[PDB]
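Enquirer: Protein chains in written order, with the deposited numbering: chain A, 111 to 210; chain B, 111 to 164; chain C, 27 to 338; chain D, 1 to 139; chain E, 259 to 421; chain F, 72 to 294; chain G, 1 to 13, 22 to 100; chain H, 272 to 431; chain I, 24 to 83, 85 to 182.
Can you read through this structure? Questions will come right after.
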Ligand code: HEA
Ligand SMILES: CC(C)=CCC/C(C)=C/CC/C(C)=C/CC/C(C)=C/CC/C(C)=C/CC/C(C)=C/CC/C(C)=C/CC/C(C)=C/CC/C(C)=C/CC1=C(C)C(=O)c2ccccc2C1=O
Ligand SMILES: CC(C)=CCC/C(C)=C/CC/C(C)=C/CC/C(C)=C/CC/C(C)=C\CC/C(C)=C/CC/C(C)=C/CC/C(C)=C/CC/C(C)=C/CC1=C(C)C(=O)c2ccccc2C1=O
Ligand SMILES: CCCCCCCCCCCCCCCC(=O)O[C@H](COC(=O)CCCCCCC[C@@H](C)CCCCCCCCC)COP(=O)(O)O[C@H]1[C@H](O)[C@H](O)[C@H](O)[C@@H](O)[C@@H]1O
Ligand SMILES: CCCCCCCCCCCCCCCC(=O)O[C@H](COC(=O)CCCCCCC[C@@H](C)CCCCCCCCC)COP(=O)(O)O[C@H]1[C@H](O)[C@H](O)[C@H](O)[C@@H](O)[C@@H]1O
Ligand SMILES: CCCCCCCC/C=C\CCCCCCCC(=O)OC[C@H](COP(=O)(O)OCCN)OC(=O)CCCCCCCCCCCCCCC
Ligand code: HEC
Ligand code: HEC
Ligand SMILES: *C[C@@H](COC(=O)CCCCCCCCCCCCCCC)OC(=O)CCCCCCCC[C@@H](C)CCCCCCCC
Ligand SMILES: *C(=O)CCCCCCCCCCCCCCC
Ligand code: FES
């Protein structure tokens, strides 16, 4: 879009790091003796309750996904703001290429 | 708590002087005694919570 | 050709299964036709190489074709509309809700195994004044006079005044075909009859699939409170014999162990089996006494051992 | 700010339509009426688009055509002082680590770790927010 | 743990049930209850004896075939009862922790694991020498009595050891 | 009771037959035999929620109970009828006795705890780590009956303290000490868990050191 | 605008001629900036040897030995890559 | 210190019964300044030697460890001046970044100290953070050789 | 992978005094001996009850329970063929309850043994259980079900 940087570049750095560490904590389910999240990726409800899959792997999965999701939300805020505000003098929003 | 702070602050001071190079030519002896001093503190701490037979 | 062009669907054993198979054949025909034309287009444009004989003359640079894009955005709407109509008509023939099922099997499916209750038998020809037990459905309403506090709270219960550990939704029957971890539960059904399945889950949501039915459902813990139509009817089962069934959800760790069987027999054979099950006899004994294998013949309750390298 | 506004009003219109049709077709033709989960989600994603589009339309009416919103705009038209764009900062990684500490204290039920992570998050967010405002030390 | 009187009472094999561990001490007939002044000091000596404490563990019968013995200690176990010193063979902390269904005598000072089924030899952690096994049997009246002293010194190792 | 046994059988046939055979004999390498475990074992194991275990791992963790008190009693009575074993203590009314299980003596209960329980749990009933993926959970949550039944039946890697090792008097004494330690406020400010050296050192290095260094940065200059 | 340039006369003492250079380490003169590569490689080999020898101990399990083997192999591979590149002149 | 002495509980000995050779606790750590000693005990792989009729217990190792540790702490400036050769009267401090090698060495030493200290707490770490005790012990065992190297490399590059 | 194929929880014997013998088609669970002893042993000639639960693993049967005798001349009073995909409970282990006052087939196959040999609790004694499918040696232990510890005489300091 002809911009020098992203809208909130400290924010996108924060998004990257929030992702990295959220993914790390989610994956850290494996080092635990019980192991990582045994419920499917979709993680349907009763199988995810403390009764079923009581191990700390499920909790780590949940919290790591929460952290990564916060990073993703911040990244989305940054990218939408960059596209709407930061743009080249001639780059009309119907002249920005399709990847943007 | 003061014993714990004594130990921790000795460690922080040692790290400060080590990383800043305050132990060089003029003040090796200081370092040395400080090291001894730290060691003593550690042992006294051990003899401190060991005093109340627990 | 159909079996090969069915992409490995087991030829159904129920009218609904057969009609679903026909829909699958038609849908695969349409999808393969679309894929073939699109692959033809892709490979034929791949014939547009940068021939060295071409000098510095860039292509037509056309882009932005209105009529062609309108045509190719209208036509897919037509294909999906026809597919949707066929889908709706076929789907209509999947939950018919016949109020007089020939047999009502209560498929209560608990963690890592199943159980079938034979809730009711009602043959149109006239027989089987049979019914399930249902004295066993007891609630857990914690409507105690008082809680921890001296007075006042008189707490009734967490959910709708009852406890989560209520299990009232589960319905129990006289002839339970429970399966153990070392014994595959074999559901005996009569051929040529309307069989309803009332689906329930004791512990955790999971799946009930009989691949030869070309249909499946999710046994949820409490479908009524989840706005789920757990029960489903099958108009007929022509083919007899044994057919595997599998848990098609996530039960838990031993989720692949949930395999069960459905052994559809003749109506007279079913009558004999139910007669010998009313009298105290295991499922295996009843099946054997009708001159049929006692154990599951499509599947086996394979090793409870955690694996091959476990030291016994 | 008109094109990116119209985008969000189009999205808002579609989401409102989808929520309304879902509510109407679930309140009847469904086992338990309105699903109350998909319906509310559709309503409040309609609200999401509505808030963003309303703000964008407000700003667009408040703003004369920008060069970026103007066809046939020369690069020299937009040339000039762009705003502050934060240079290097190590506070984002500290905020991420603080939130990770709080998250592990939540997953592993360690109330002490949750409290420590919350304190770390407040400290790191203060550092980031104050990073480019902390005046020089006065001695 | 009665307050002073009869802190030590004779023991019977039936008391320990399969998969059960109890700390036991060398109580003599002369070291009677702590009622008198002469006693209550012998008993204090028994309690404060560093190497005095032992743990008696009843190996489950189903696990009996898994037991691996130590040369010269093949008969130290009285049936399914095994007496092993509580004092860790590493730095002399008590090895109090006991895990049944895995038969792991764990020392928490430095997290050292000895296999109780096999002679109490260290299968994890700093410890390198097996816990000393106390010979045991039952005397007249069916009370559990040591069948002799440890064949080896029982505390943590030192220079003048293993000769 | 006949109806109690019927209900226990109903609940058993659809919650645990997979782990334990329909005849309560353990399925190989899935679950152990419940013959002789007793009503006390069932009560402690299911009231703590451990038994709908839902996985085979190093240590089955505690989780919300999957059955209510009446259903707990039904399962326990079913198991008691099948094999016959330890039974959960009960008071005059018939409910699981919890108040009555608090032994009067605590110093003797404290000695019993330190000699037997603290070995792996803690000085003050907190948790402790075990060999490989195992641990001893905190005793704060367990009610008097649960502590008593845990002593009376060693669940897994717990020594089983029969009624002869710890007579009902000693078991009630230990229960009293456990409850007193769990509910007793930490005299001298917020008790950092129960482990002394580790939380104490961590709190030093965080609170005291961050405060001291921040105050030094405030007083001092940078250059 | 509230700042002034600083200059420092620091007693310089080897004659900082063999080893590191300011281009590689911008503050070479200001203090110890060179650790010989020989001590690198020797220490890496010693680390790998220590990892292997810890396979000998009191542990019935073997996941632990496999992790030790993997880490020591990684260290040996890193040291070998560095040594080969240094010998050839940082090529490939 | 007064606020801590009030609001924070330190060494609640009353919860800790009088010492008996038989009674035990699972935690069993010393104050944080000896946790490095305890962790060095835990992580050192049970290596003993048996001369002619004599035993050299694994505990001996830690003593030697302390020696070396202290022998290296007390003597460090002399090793620094012998290696670097700085024998000049230094009155101006050096920013840690300006001495990448010494900063890396100090970061390595701090990393080893932290690893040992947390190894002493591997019991509690496993209890609270669900990690198998053997896994924590072996993490520390591999770390006391690997983590110092990684920390040295990272600190060197960071200083530069 | 602490929860791999070799997991601690799955491979656990029940915390019961009786041993478990899975040999043969039938499974023997909680086999033990009720034999209260007031001295070093229980003298020869005193009847001791033999408890166990026999479960038929397969539904296809080994309900015979032929002899199950060893040194001691095991006797199965009221012997019956109970096992059919179910449980054969020979006796009434301490804590065992009775659903109704009346007992079907009188005693539910109580197994008693005349020792003819001293035995003390804490030992392993081989009892060869014989079935039409096969035979199994179990080494039955001695269990004190619910009896509280007897009063040890007070000690006289010397
Ligand atoms: C982006 C998403 C994505 C991608 C790329 C893949 C890629 C692959 N997936 Fe995918 N898969 C899913 C998403 C994905 N999958 C999801 C969402 C499910 C359902 C999950 C659920 O049910 O919960 C699933 C389920 C799934 C299953 C079913 C498992 C089950 O539930 O029983 C299987 C079975 O074979 C499978 C196989 C594969 C294979 C063989 C690949 C290949 O393409 C993978 C390519 C492999 C590699 C690139 C590895 C090679 C690299 C190395 C050897 C170097 C390693 C070195 C280090 C790590 C240091 N996948
Ligand atoms: C020898 C050795 C060190 C072996 C390894 C043991 C060990 C330390 C393992 C790591 C522990 C962790 C971090 C578990 C969480 C799961 C995990 C590993 C996730 C992946 C790790 C990773 C790199 C994630 C990316 C982002 C990141 C860095 C996350 C770290 C998360 C954490 C825990 C940050 C804070 C660090 C921290 C405070 C750790 C605990 C340290 C100690 C000893 C605390 C002691 C302590 C205790 C134990 C109390 O109970 C307590 C109760 C009440 C008040 C106070 C305390 C208290 O201070
Ligand atoms: C230590 C050093 C700079 C050595 C230089 C090179 C040298 C002389 C090498 C030879 C000596 C050898 C053989 C060293 C290897 C191992 C070693 C250091 C042994 C000696 C151990 C000893 C007597 C002293 C080391 C202590 C030390 C200097 C620690 C670092 C101090 C600093 C600057 C810490 C950061 C400042 C700060 C804000 C700290 C608070 C924030 C936190 C939580 C930091 C991490 C942290 C710490 C630091 C704890 O001590 C701790 C204790 C108990 C529970 C938890 C924690 C914890 O989380
Ligand atoms: C300058 C110093 C300022 C210090 C602040 C002082 C705060 C004073 C608090 C109020 C007065 C003293 C309370 C004493 C009563 C008391 O002790 O407080 C417990 C709480 O304890 C917890 O749980 C933790 C709860 C989380 C909130 C407190 C966290 C404060 C931390 C963050 C401050 C220290 C710094 C640590 C930082 C570490 C981070 C490292 C990055 C509360 O009961 P409870 O919750 O039920 O404890 C369970 C028994 O019940 C049950 O049996 C038992 O078995 C257990 O389960 C027990 O937890
Ligand atoms: C500051 C500290 C930084 C850490 C420094 C050290 C970094 C080096 C890491 C070295 C990793 C080595 C992992 C190997 C470990 C190992 O060898 O043990 C295994 C268990 O593998 C595992 O978990 C893998 C664990 C890998 C995780 C390492 C992750 C790094 C973390 C710790 C970093 C975060 C640091 C945050 C610090 C906070 C700030 C500090 C100020 C098996 O044990 P076990 O459990 O008994 O399994 C039995 C079988 O044996 C048996 O066959 C089978 O039959 C079964 O029975 C089974 O039970
Ligand atoms: C990437 C490909 C890596 C390889 C991927 C394969 C993964 C498969 C691993 C486990 C599957 C579950 C089985 C779990 C059961 C354990 C296996 C077993 O059954 O073997 C018996 C003994 C104890 O049995 P024992 O009778 O008491 O003692 C015996 C008496 N002498 O375990 C053992 O040997 C343990 C051997 C297990 C294999 C080692 C896995 C660790 C590899 C880590 C590599 C990372 C490298 C790091 C790089 C920096
Ligand atoms: C999955 C496998 C299950 C299921 C669904 C149930 N149990 Fe059982 N059980 C299982 C294991 C791996 C163990 C040993 C380790 C542990 O308990 O976590 C047990 C043990 C028991 C015990 C303890 C016996 C004793 O201590 O002597 C009891 C009383 C018990 N199990 C009963 C029980 C009940 C009542 C269940 C349904 C509510 C049940 N289990 C389910 C494995 C599994
Ligand atoms: C390490 C050996 C060991 C000793 C000795 C021991 N425990 Fe335990 N304890 C454990 C383990 C392991 C568990 C986990 C039980 C489970 O997973 O089912 C446990 C669980 C418990 C529980 C259950 C609490 C809960 O919330 O689930 C209580 C209560 C308890 N122990 C109290 C005691 C008492 C009282 C004693 C002294 C008679 C004692 N323990 C001795 C290891 C031990
Ligand atoms: C059961 C056996 C078998 O395990 C396997 O087969 C897979 C083994 C994978 C190799 C694991 C290597 C560990 C690398 C450590 C990362 C460097 C740390 C140094 C810096 C602190 O093994 C087991 O017992 C369980 C194996 C489970 C493996 C899970 C690994 C999960 C790692 C997770 C905790 C996050 C690590 C942080 C990495 C950060 C990288 C970017 C900075
Ligand atoms: C232990 O109880 C859990 C065993 C889990 C088995 C599956 C192993 C998958 C490993 C994935 C890789 C982890 C991250 C690697 C980073 C270097
Ligand atoms: S004190 Fe027992 S292992 Fe060291």
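Every residue, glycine too, gets a C-beta built ideally from N, C-alpha and C.
#1: If I follow the unbroken beta strand (DSSP E) through residue 132 (chain C), where does it start and stop?
#2: Give the straight-line distance between the Cα atoms of residue 358 (chain H) and residue 421 (chain H), rounded to the nearest whole angstrom.
#3: Can you confirm whether residue 229 (chain F), when its beta carbon is compared against all beta carbons of chain E, has any partner nearer than 8 angstroms?
#4: Since residue 271 (chain C) contacts residue 214 (chain C) with CB under 8 angstroms, what's their CB separation in whole angstroms?
#5: Is the CB of residue 303 (chain C) under 8 angstroms away from at least one CB in chain I?
#6: Under 7 angstroms from any heavy atom of ligand 9, does the C-beta of residue 71 (chain G) make it?
#7: Which residue marks the beginning of the alpha helix (DSSP H) containing residue 345 (chain H), and which one marks its end?
#8: At the 8 angstroms Cβ level, is residue 229 (chain C) part of the contact set with chain F, yes or no?
#9: Could you check how far apart the C-beta atoms of residue 66 (chain G) and residue 415 (chain E) are, in whole angstroms? I think they sit under 8 angstroms.
#10: What does the Cβ neighbour count give for residue 305 (chain H), buried or exposed, with the cut at 16 atoms within 10 Å?
#11: Shorter than 7 angstroms, the distance from the beta carbon of residue 333 (chain C) to the closest heavy atom of ligand 3, or not?
#12: Give every residue of the same chain whose Cβ lies closer than 6 angstroms to the Cβ of residue 351 (chain E), excluding the five residues on either side of it in the sequence, and list them in chain order.
#13: Please report the distance separating the alpha-carbon of residue 417 (chain H) from that of residue 113 (chain B).
#14: Could you check what DSSP says for residue 373 (chain E) in three-state terms: helix, strand or coil?
#15: Within this structure, are the beta carbons of residue 26 (chain I) and residue 127 (chain F) separated by less than 8 angstroms?
#16: Along the alpha helix (DSSP H) that carries residue 57 (chain I), what are the first and last residues, could you check?
#17: Give the DSSP bridge partners of residue 137 (chain I), in chain order.
#18: Identify which residue in I:150, I:137, I:159, I:176 has its Cα closest to the Cα of residue 68 (chain I).
#19: From the DSSP output, read off the bridge partner residues of residue 216 (chain C).
#20: Using a threshold of 7 angstroms, is the CB atom of residue 409 (chain H) nearer than that to any non-hydrogen atom of ligand 5?
#21: Should the stretch 338 to 356 of chain H be regarded as contacting the stretch 193 to 209 of chain A, the criterion being three or more beta carbon pairs within less than 8 angstroms?
#22: Quick one: what's residue 224 (chain C) bridged to in DSSP?
#23: Does residue 281 (chain F) pass the burial test, meaning 16 or more other C-beta atoms within 10 Å, or should it be called exposed?
Expert: According to the structure shown:
#1: Stepping through the third chain from its first residue, residue 132 (chain C) is reached at position 106. It spans 129 to 135 - the beta strand (DSSP E) in which residue 132 (chain C) sits, taken as one unbroken run.
#2: If you number the eighth chain from 1, residue 358 (chain H) lands on position 87. If you number the eighth chain from 1, residue 421 (chain H) lands on position 150. Spanning the two alpha carbons is a distance of roughly 30 angstroms.
#3: Position 158 of the sixth chain holds residue 229 (chain F). Residue 229 (chain F) counts as touching chain E.
#4: Within the third chain, numbered from 1, the residue matching residue 271 (chain C) stands at position 245. Within the third chain, numbered from 1, the residue matching residue 214 (chain C) stands at position 188. Not really, about 13 angstroms apart at Cβ, beyond 8 angstroms.
#5: Residue numbering aside, residue 303 (chain C) sits at position 277 when the third chain is read from its first letter. No, residue 303 (chain C) does not count as interfacial toward chain I.
#6: Reading the seventh chain from its first residue, position 63 is the one you call residue 71 (chain G). Yes, Cβ of residue 71 (chain G) sits closer than 7 angstroms to a heavy atom of ligand 9.
#7: The sequence position of residue 345 (chain H) within the eighth chain is 74, counting from 1. From DSSP, the alpha helix (DSSP H) with residue 345 (chain H) extends over 330 to 355.
#8: By 1-based counting over the third chain, the position of residue 229 (chain C) is 203. True, the Cβ-Cβ gap to chain F drops below 8 angstroms.
#9: On the seventh chain, position 58 is the one that residue 66 (chain G) refers to. On the fifth chain, position 157 is the one that residue 415 (chain E) refers to. Rounded, the Cβ-Cβ distance is 14 angstroms, inconsistent with contact.
#10: Translated into the one-based positions of the eighth chain, residue 305 (chain H) becomes position 34. So residue 305 (chain H) counts as buried.
#11: Sequence index remark: in the third chain, residue 333 (chain C) carries index 307 (1-based). Residue 333 (chain C) Cβ: outside cutoff for every heavy atom of ligand 3.
#12: Position 93 of the fifth chain, counting from 1, holds the residue named residue 351 (chain E). Closer than 6 angstroms at Cβ, skipping near neighbours: 365, 367.
#13: Sequence index remark: in the eighth chain, residue 417 (chain H) carries index 146 (1-based). Sequence index remark: in the second chain, residue 113 (chain B) carries index 3 (1-based). Spanning the two alpha carbons is a distance of roughly 32 angstroms.
#14: Within the fifth chain, residue 373 (chain E) is the residue found at index 115, counting from 1. Of the three classes helix, strand and coil, the one that applies to residue 373 (chain E) here is strand, per DSSP.
#15: Position 3 of the ninth chain, counted from the first residue, corresponds to residue 26 (chain I). Position 56 of the sixth chain, counted from the first residue, corresponds to residue 127 (chain F). Contact flag set, yes.
#16: Taking the first residue of the ninth chain as position 1, residue 57 (chain I) is located at position 34. Segment 49 to 57 is the beta strand (DSSP E) holding residue 57 (chain I); no alpha helix (DSSP H) there.
#17: Within the ninth chain, residue 137 (chain I) is the residue found at index 113, counting from 1. Under DSSP, residue 137 (chain I) takes part in a beta bridge, and its partners are I:71.
#18: Position 45 of the ninth chain, counting from 1, holds the residue named residue 68 (chain I). Among I:150, I:137, I:159, I:176, the Cα nearest to that of residue 68 (chain I) belongs to I:137.
#19: Position 190 of the third chain, counted from the start, is the residue given in the question as residue 216 (chain C). Paired residue(s): C:291.
#20: Here residue 409 (chain H) is taken as the residue at index 138 of the eighth chain, counted from 1. Correct: residue 409 (chain H) has its Cβ closer than 7 angstroms to ligand 5.
#21: They do not touch, by the three-pair rule.
#22: For the purposes of this step, residue 224 (chain C) is identified with residue 198 of the third chain, where counting begins at 1. In the DSSP output, where bridge partners are listed per residue, residue 224 (chain C) has C:132.
#23: Counting from one through the sixth chain, the residue named residue 281 (chain F) turns up at place 210. Counting Cβ neighbours within 10 Å, residue 281 (chain F) comes out exposed, since fewer than 16 surround it.
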